[PDB]
Amino acid sequence: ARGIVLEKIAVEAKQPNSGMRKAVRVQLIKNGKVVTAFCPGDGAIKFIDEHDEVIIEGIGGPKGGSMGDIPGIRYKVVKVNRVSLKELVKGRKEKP
Amino acid sequence: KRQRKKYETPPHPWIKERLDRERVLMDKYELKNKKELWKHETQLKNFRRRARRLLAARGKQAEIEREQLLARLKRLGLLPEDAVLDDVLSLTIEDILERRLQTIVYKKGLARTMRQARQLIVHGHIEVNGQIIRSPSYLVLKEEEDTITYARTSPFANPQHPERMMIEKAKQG
Amino acid sequence: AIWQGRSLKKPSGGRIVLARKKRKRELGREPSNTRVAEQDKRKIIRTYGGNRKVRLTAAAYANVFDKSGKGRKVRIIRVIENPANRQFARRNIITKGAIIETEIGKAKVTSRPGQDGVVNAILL
Amino acid sequence: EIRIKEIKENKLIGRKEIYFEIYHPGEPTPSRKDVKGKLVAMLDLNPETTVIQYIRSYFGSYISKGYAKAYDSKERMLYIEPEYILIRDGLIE
Amino acid sequence: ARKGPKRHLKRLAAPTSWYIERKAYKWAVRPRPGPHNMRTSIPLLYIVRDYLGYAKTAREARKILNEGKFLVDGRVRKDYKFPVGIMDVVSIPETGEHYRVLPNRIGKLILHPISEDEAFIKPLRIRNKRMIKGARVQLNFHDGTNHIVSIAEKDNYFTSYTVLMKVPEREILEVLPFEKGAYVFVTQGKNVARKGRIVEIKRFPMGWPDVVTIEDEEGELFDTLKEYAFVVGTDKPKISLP
RNA sequence: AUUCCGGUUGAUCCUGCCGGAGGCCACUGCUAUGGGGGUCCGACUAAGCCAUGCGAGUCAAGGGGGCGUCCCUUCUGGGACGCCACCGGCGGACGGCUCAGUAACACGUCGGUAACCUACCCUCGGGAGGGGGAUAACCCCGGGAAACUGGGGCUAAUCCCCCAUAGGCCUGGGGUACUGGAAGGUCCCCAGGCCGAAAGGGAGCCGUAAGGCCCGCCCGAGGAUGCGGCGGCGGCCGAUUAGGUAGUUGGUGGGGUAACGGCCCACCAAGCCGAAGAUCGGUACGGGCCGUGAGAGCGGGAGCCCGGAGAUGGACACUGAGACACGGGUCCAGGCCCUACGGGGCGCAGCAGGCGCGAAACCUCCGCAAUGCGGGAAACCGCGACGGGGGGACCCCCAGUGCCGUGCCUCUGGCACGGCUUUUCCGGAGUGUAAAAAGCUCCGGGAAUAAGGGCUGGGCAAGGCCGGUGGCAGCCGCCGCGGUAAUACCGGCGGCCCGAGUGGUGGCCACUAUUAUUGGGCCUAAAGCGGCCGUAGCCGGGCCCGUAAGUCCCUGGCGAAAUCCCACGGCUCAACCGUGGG
């Protein structure tokens, strides 16, 4: 789904796992609900900024639910402004 | 309506036993893809499927289909002329691997190496029954086994092509 | 329109939703309402498949028949009794099975003016 | 060379129908003019009335299939045989 | 939605009695209404193109039919949609060639060649009898043709009898009757392209026709329906039957 | 092809749940997908909204014309050809497009019309007379911006109209033959009434001519094509929807219909459905089928074919054989384009392109041929049907990116030396356009000339060392790793797996005996109600006689094709196609 991001939020891994996970909150262009998507990778949040077009899918948790050490987050971004996240994580391409 | 793949993927891609066995096999025959081995195993398995359905089958159609099966197996050069249904289960993958066109041409001495036979087949330097075939995965019938011959226009047809010297020395050597 | 089609209710009672529009092959036509007059006025009607059918809107004469089988063309004075409806006899309406009074006397109509275009009856 | 597999006779159309094979080992598929002018010899046929429809060049084969007509009069071919193949054979500009 | 009479027929839906390749193209010749049913006939165009190979392209075939070089039942027909059905005689005088249309053992139609002398006789099953004004008797055949005869000659015919019809001039030659022991060639069913003799006629009420039992040459007994039974001789077939 | 394994514990065994391991369908990253052959692409949301182009025409053999050309002869002129347009013969009720409704005799099967219709088509018997009348086109003038639209002159037929008779209809009476198991119908006679046919023809041969040959007309009786209506059975969820239905259910007598019937209407009655779940709601075109599974089964109806339904929503007519008619008409609702404001036109859920929508689907392409349809006696003509051709990491089949001798090492392979083929590409030659293209098939020039994705602690077992990161950064489907030495995070190297594909996500079957009839549990893990009675339902002792409803064996019709299994033949093989058997 395609969404527009509003705010950057960092959360604490559930114990005993400790770690500051970066994620964003997005309003869906389709209907307008508000949902958080996790950003995987290293230095991902640096690319993303306020008011950014994004594309988002499900996290692939058990029954689609949460994964591992992050709580309830059901989604991850794949493309930001029609540019795929992973290569920007690799840095091969450039964000617009 | 969609056409199905002709091969069956292994139920698990990382069993050490099966992986190394397949490795030994494709080492022996120098195939390009495990897909090829899988296809050959597939037609082996379907031969056996027919055999097993028929061995318990009763009825005139069953007998006729059984005779058709036996006849085609014989015609492929995979069985003796006195073969009986009971033995067809004992057919191994290697029985079909030998019957591969590429293995036959290498076994005719016309190639020093399996891959050289492949290069000839793709490059068309071989002819069968007066018609050229470019596919090293084709399965050869018994009746054609004597007609496997150099393609006429092929430079290898002449007895002076320098590679053919090395081919002959490998044959006799 | 005049639509001679499915009852909107099931035999049990569940109301039936329609799923398609009506069809011209399925509609009917107006009632003739044949009446007593001084002259015969008739309308021919083109019908399904190009057929024809003539329709008496006013009737003046009738073909009465004796039990022997001999027919008399005669006039029609008035209708005695209409078993189909009570309003019809009051309004000189002519329909099959009606009891009619002619110069000869009492006759029973054995023909439908609506479809036949003529009125035949049996002297009683 | 040319070897005839079949010659049959459409009497309702007054024409000969010829199936043949062309041997061309190692040499390109022949042009229409040569095959016509060379087939015209060994059945004693008029060039104008004769038309060749298709010469199929087989993959990986030195034998090409060939199939051709032979009519008996000028008018019949114009009446029946459609203009395109006449243009291919040159019988019509 | 559809709104009345068709004018097309896709190849895939064609009847199973036609030796026509089905996935080569999509459109076929819809037969116009005619003597024989869809299930027991084929357009003449396919006869010209496939079964005789005289025409490769339908346009050329139609041209040859326009020339009127073809004699079906002693009548030229230009309609390239003519249903040429069962037990018809196709005659080409330009070639002096004569075939009869007959089904297969599988349930498909073939042109069995016949002698020229036989080409003028056509046996017709008597489908039904009727009285027309003037007290005249009109007989409707299996192929849909009709023959008128006198009241006195009414008992000469009964339904399910075979009349050897002289198609060139429409003259009645002989009437093979339906009685025990006749020679009968089957028309439809699993017993298609069978020829045998009759032992019994099964009188079936409740909507089910007469099941005749046929005894083959080798003596094997089987059953088929009345309407599928077509008599061709009292004890031997009067026509060449494969 | 009937396969597991990891995670509850200081340690073990159960329970059950979850996670990996496979196929199928949609979206997407990276990478290319070079070569070919079969197969698909608004495929679920907006059946929401459009500029544009096209798609449905053909008739000179009905007829009269007018325009122009030819030729002849010409005071009179005929024929031939083309254009125009005319009533007129036909068609635009097929085919193309889609799945909202619809839970239904819409539909699958079998019957089912004796209660229907039917133009073009076929067969058989008969008939084709007389008479009259009309107005287009063309010429004289006209309006309005238009759309569109006036009057006068004369003109044609197979046009229209009246009559001739048959013939159509309905009834009474009286009979007899055909059909058929059946009923009654049809056949004939008599009697009563209304309605109530035609068409000739362009040319040529013989005949002075008529006439015959060819085409065309009409009545009647059949057939055939297509369609109308009746029926048993089959095929969803909900009870936190339990009572329901008034032309409701049946009877009498009629009406209208192509036709039977509550389809309607007047009267007479009190029915009919529902716990082997009506009613109501939710949901949804039905089938051939397809994905998965060892199979029992589970799930789904997008792509082709068959049937059903629709043309923004509703509603109503005319023409007609066939219609309520995507490319015909009228109003209302709705939003849009033109306009002297008077007037006008509306529908790309037809094909090619657009707007919107959204994660999410192609060219404003060419020929009328191949096959088919309408036309016409024929030639032949139109078709966004079709055919091909285009973009696309749809489905499936094949195939390549070098081979060989040789020294050293990386001795798995690589490196260099020698020799060898030309994968792809370029020029010519055959299809090929039914005009290109298709780039296929062979020749000649000749190149070593295109390979990436994921992973490397374990479940999956398989793929290990170095540098940096230090409970931050981050990884991770589950365990879990990381607080300074990390084989588990990131870079490199090394390695493994697959392969022109691989990876991530989503949904479906197996995994799953975690849906259990095959084949599950209920003392301690969640699961037996506190006990008893009993209606329907389900399951029920043995022996003798009968039956054949079930059950079983044989036998005819039928369950259409395409898809599926098998042998054979063609395409180089394959896929695909054909023939034959299931």
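Residues numbered from 1 in each chain as written, not as in the entry; some residues may be left out. Chains lettered and ligands numbered in written order. Part of a larger assembly, values for the part shown. Heavy atoms only, no water.

Visitor: Got a minute to help me understand the pairing of strand β11 (residues 162-166) of chain E in this structure?
Guide: Regular strands show a simple pattern: their side chains alternate between the two faces of the sheet. All names here are of chain E. Within β11, 5 of the 5 residues are buried, which leaves it mostly tucked inside the rest of the structure. Both strand β8 (residues 121-132) and β11 contribute to a ladder of 5 bridges, which runs antiparallel. Within β11, the position partnered with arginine 125 by the bridge is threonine 162. Of the pairings in the sheet, the one linking β11 to strand β12 (residues 171-176) comprises 5 bridges and is antiparallel in character. Within β12, the residue paired with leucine 164 across the bridge is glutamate 174. (Buried < 20%, exposed > 50% of the residue type's maximum accessible area, 1.4 Å probe, protein only. Helix = DSSP H or I, 4+ residues; strand = E, 2+ residues; numbered from the N terminus. Pairing = 2+ DSSP bridges.)

Visitor: How should the pattern of salt bridges be read in this particular structure?
Guide: Any two side chains of opposite charge can pair, given that their charged atoms come close. Applying the stated criterion across every chain, the model contains 41 salt bridges over all chains. Residues B:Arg115 and B:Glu30 are paired through a salt bridge, measuring 3.1 Å at the closest nitrogen-oxygen approach. Note that B:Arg115 is positioned in helix α7 (residues 114-122) and B:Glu30 in the loop between α1 (16-29) and α2 (34-55), a separation of 85 residues in sequence. Residue classification places B:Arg115 among the exposed residues on the basis of a relative accessible area of 53%. Look at B:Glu30 and you get partly exposed, because its relative accessible area is 22%. Between C:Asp66 and C:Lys67 there is a salt bridge whose closest N-O contact spans 2.4 Å. (Salt bridge = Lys/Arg side-chain N within 4 Å of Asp/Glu carboxyl O.)

Visitor: It is not clear to me how a positive patch on the surface should be interpreted in this structure. Could you clarify?
Guide: All names here are of chain A. A cluster of basic residues, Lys86, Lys90, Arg92 and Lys93, forms a positive patch on the protein surface. With respect to the secondary-structure elements, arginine 92 resides in the segment after α2 (85-90). Under the relative-accessibility criterion, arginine 92 is labelled exposed at 64%. (Patch = residues over 30% accessible without salt bridge, like charges linked within 9 Å, V, L, I, M, F, W, Y side chains within 5 Å. Areas by Shrake-Rupley, 256 points an atom, 1.4 Å probe, with all protein chains shown as cover. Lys, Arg positive; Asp, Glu negative; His and termini not counted. Charge placed at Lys NZ, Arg CZ, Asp CG, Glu CD.)

Visitor: Honestly, the arrangement of the chains in this entry has me stumped. Any pointers?
Guide: Among the 3 pairs of chains in contact, the pair with the most contacts is chains D and E. One finds no contact between chain C and chain D; the C-alpha atoms of the two approach each other to within 43 Å at their closest. (Contact = heavy atoms within 4.5 Å.)

Visitor: I tried to follow the interface of chain D and chain E on my own but got confused; where do I start?
Guide: Interfaces are often sized by the amount of accessible area the parts lose when they come together. On the side of chain E, 11 residues touch chain D, which itself brings 10 residues to the contact. Buried area between chain D and chain E, both sides added, is near 1000 Å², and the carbon and sulfur share of it is 53%. For the chain D face of the interface with chain E, the top three residues by lost area are D:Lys11, D:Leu12 and D:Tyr79, together amounting to 61%. Counting across the chain D and chain E interface gives 1 salt bridge. A salt bridge links E:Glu67 to D:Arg76, with the shortest nitrogen-to-oxygen separation between them at 2.7 Å. (Buried area = accessible area lost by both parts, 1.4 Å probe.)

Visitor: Can you walk me through the UniProt feature "domain: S4 RNA-binding" in chain B in this structure?
Guide: Mapped onto the present numbering, the UniProt feature "domain: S4 RNA-binding" falls at residues 99-170 of chain B. Along residues 99-170 of chain B the backbone is 36% helical and 11% strand, and the end-to-end C-alpha distance reaches 22 Å. (UniProt positions renumbered as here; feature names shortened; annotations may be inferred.)

Visitor: Teacher, can you tell me more about the nonpolar core here?
Guide: Across soluble globular proteins, nonpolar side chains have a tendency to be buried as a group. Residues D:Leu12, E:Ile42, E:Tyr46, E:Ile47, E:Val48, E:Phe70 and E:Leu111 are the most contacted members of the largest nonpolar core, which totals 36 residues. Elements supplying a minimum of two residues to this core: α2 (74-80) and α3 (83-89) of chain D together with α1 (44-51), α2 (58-66), β5 (89-92), β6 (97-103) and β7 (109-113) of chain E. The greatest single-element share of this core, amounting to 6 residues, is contributed by α1(E). Filtering out sequence-adjacent residues up to four positions away, E:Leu111 remains in contact with E:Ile47, E:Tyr51, E:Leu52, E:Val90, E:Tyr99, E:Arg100 and E:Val101. Core analysis: the next-biggest nonpolar cluster, separate from the first, contains 24 residues, E:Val137, E:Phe178, E:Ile214 and E:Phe222 among them. (Core = buried A, V, L, I, M, F, W, Y, C linked by side-chain atoms within 4.5 Å.)

Visitor: In this structure, what is going on with the protein's contact with RNA strand F? I would like to understand it.
Guide: As a matter of local geometry, RNA strand F sits amid 230 residues, with B:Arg23, B:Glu65, E:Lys3, E:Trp27 and E:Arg75 nearest to it. Separating a phosphate oxygen of RNA strand F from a backbone N or O atom of C:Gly49 is a distance of 3.4 Å. The contact in question runs from a phosphate oxygen of RNA strand F to an N or O atom on the side chain of E:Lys63, over 3.0 Å. Looking at the surface near RNA strand F element by element, the count peaks at 10 residues for α2(B). Broken down by class, the residue content of the surface near RNA strand F amounts to 64 nonpolar, 71 polar and 95 charged. (Near = heavy atom within 4 Å. Polar contact = N/O pair within 3.5 Å; in protein donor to acceptor, adjacent residues only side chain to side chain. Nonpolar A, V, L, I, M, F, W, Y, C, P; charged D, E, K, R; others polar.)

Visitor: So what exactly am I meant to see when it comes to α1(B) here?
Guide: Residues and elements named next belong to chain B. With 14 residues, α1 should cover 20 Å at 1.5 Å per step; its first-to-last C-alpha distance of 20 Å lies within 8% of that length. Along its buried surface, α1 packs onto α2, α5 (93-99), α6 (101-107) and α7. After α1 finishes, the residue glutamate 30 shows a positive phi value of roughly 55 degrees. (Expected span 1.5 Å × (residues − 1).)

Visitor: Sorry, what's going on with the sheet that holds strand β2 (residues 41-46) of chain C here?
Guide: Residues and elements named next belong to chain C. With respect to topology, 3 strands assemble into an open sheet ordered β1-β3-β2, the strand pairing being mixed. Each edge of the sheet is formed by a strand with only one pairing partner; in this case those strands are β1 (35-36) and β2. Both β2 and strand β3 (residues 52-59) contribute to a ladder of 6 bridges, which runs antiparallel. In the strand pairing of β3, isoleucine 45 is matched with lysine 53.

Visitor: Mind showing me how you'd approach the packing of α2(B) against helix α3 (residues 60-75) of chain B here?
Guide: Any two packed helices are characterised by the angle at which their axes cross and by the distance between the axes. Residues and elements named next belong to chain B. For the pair α2 and α3, interaxial distance at closest approach is 10 Å and the crossing angle is 145 degrees. Crossing hand, α2 versus α3: left-handed. Here α2 contributes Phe47, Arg50, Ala51, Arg53 and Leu54 to the contact with α3, which in turn contributes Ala62, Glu65, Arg66, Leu69 and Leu73. Tallied by class, the residues present in the contact of α2 with α3 amount to 6 nonpolar, no polar and 4 charged. (Axes fitted to C-alpha atoms, helices over the stretch in contact; angles between N-to-C directions. Left-handed = near helix turned anticlockwise from the far one by under 90°.)

Visitor: What's the story with the pairing of strand β4 (residues 63-70) of chain D in this structure? I'm lost.
Guide: Residue and element names in this part refer to chain D. A large share of β4 lies buried, amounting to 6 of its 8 residues. In this structure, strand β3 (residues 50-56) lies alongside β4, joined through 6 bridges in antiparallel fashion. Counted as the bridge partner of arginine 56 is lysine 65 from β4. Between the end of β3 and the start of β4, which pair antiparallel, lie 6 residues, with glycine 60 showing a positive phi angle near 55 degrees.

Visitor: Got a minute to help me understand the packing of α1(B) against α2(B) in this structure?
Guide: Residues and elements named next belong to chain B. Running from amino to carboxyl end, α1 crosses α2 at an angle of 100 degrees, the nearest separation of the two axes being 11 Å. Overall, the two elements α1 and α2 adopt an arrangement that is roughly perpendicular. Along the contact surface, α1 presents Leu19, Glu22, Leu25 and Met26, while α2 presents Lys34, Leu37 and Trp38. Here the residues of the contact of α1 with α2 are counted per class, giving 5 nonpolar, no polar and 2 charged. (Parallel < 35°, antiparallel > 145°, perpendicular 65-115°, else oblique.)

Visitor: Just checking my understanding: could you explain the environment of B:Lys74 for this structure?
Guide: All names here are of chain B. Residue placement: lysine 74 occurs in helix α3. For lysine 74, a relative accessible area of 26% gives the class partly exposed. C-alpha of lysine 74 to C-alpha of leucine 141: the two residues are 67 residues apart in sequence and 8.7 Å apart in space. The contacts of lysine 74, once residues within four sequence positions are left out, are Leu79, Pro80, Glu81 and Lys142.

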